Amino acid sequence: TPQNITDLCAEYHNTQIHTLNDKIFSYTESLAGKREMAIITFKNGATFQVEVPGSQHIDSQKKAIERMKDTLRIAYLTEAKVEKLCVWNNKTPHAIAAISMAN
């Protein structure tokens, strides 16, 4: 299996790594229908989403999506530095696939 987020990210099409090395600036979450999603920003203006669960997701991703929103909330509240995000870049805002935290 992959040993780091960059190698993991590269197993997929339409992805890229963003390097942030910064805490999350804002955390937004919605329960409105068809927009049950989270959005984060950084102070540089960079904006990312956790997508609404949909037909593009296989069943094993469903729990992991819920976990990622849990992770972003507590990272935001603890001011944890985000190192990198692996994102799909065929969505706007780019859609989070993976996160690494260090330092």
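Don't overthink the numbering: it's just position in the shown sequence, from 1.
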Report task. Could you settle it for me: does 70-78 or 40-48 have the higher average Cα B factor in the PDB entry? Result -> 40-48
Query raised in the report: Would the CA B-factor of residue 65 place it in the lowest, middle or highest third of its chain?
Result: middle
Query raised in the report: So where's residue 95 on the chain's Cα temperature factor ranking, which third?
Result: middle
Report task. Select lowest, middle or highest to describe the third in which the CA B-factor of residue 14 falls within its chain in this entry. Result -> middle
